[PDB]
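A.B. asks:
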Amino acid sequence: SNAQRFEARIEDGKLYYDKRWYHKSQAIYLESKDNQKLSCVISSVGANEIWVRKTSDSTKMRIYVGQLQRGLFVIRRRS
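Using PDB author numbering, you'd call the opening residue of the sequence shown number 248 and step up by one each time.
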């Protein structure tokens, strides 16, 4: 697949996105046009999906690896 704007995958149980490593406890900012910078902390890293937890809403947000590779979400790391 060449349709990749961001290189992302899950390696050794950690998130490898934007050529940068993310922890399981990782705090990250998800920002978009129709979505402001969400200060969210990852709760668990799966195989094809990452579970990030909204600090405010306390809900679980499941992001798929493929969606990150297409560049659906812009994730900035804070660690």
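Think of the CB as a built atom: it goes at the ideal place given N, C-alpha and C, for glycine as much as any other residue.
In chain order, what residues of the same chain lie with their CB nearer than 6 Å to the CB of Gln-251, ignoring the 5 residues before and after it?
C.D. replies: Counting only Cβ-Cβ distances below 6 Å, and skipping sequence neighbours, we find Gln-316.
A.B. asks: Return the chain-ordered list of same chain residues with a C-beta closer than 8 Å to the C-beta of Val-288, the five sequence neighbours on each side being excluded.
C.D. replies: Excluding sequence neighbours, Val-288 sits near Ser-272, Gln-273, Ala-274, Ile-275, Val-299, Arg-300 and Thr-302.
A.B. asks: Near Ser-290, what residues of its chain come up, given a Cβ to Cβ distance below 6 Å and the 5 sequence neighbours on each side ignored?
C.D. replies: Same-chain partners within the cutoff: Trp-298 and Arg-300.
A.B. asks: Comparing alpha-carbon positions, which option in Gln-283, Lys-284, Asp-259 and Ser-248 lies nearest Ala-294?
C.D. replies: Of the candidates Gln-283, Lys-284, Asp-259 and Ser-248, the one whose C-alpha sits nearest the C-alpha of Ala-294 is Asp-259.
A.B. asks: Which of the three DSSP states, helix, strand or coil, is assigned to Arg-300?
C.D. replies: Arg-300: strand per DSSP, three-state reduction.
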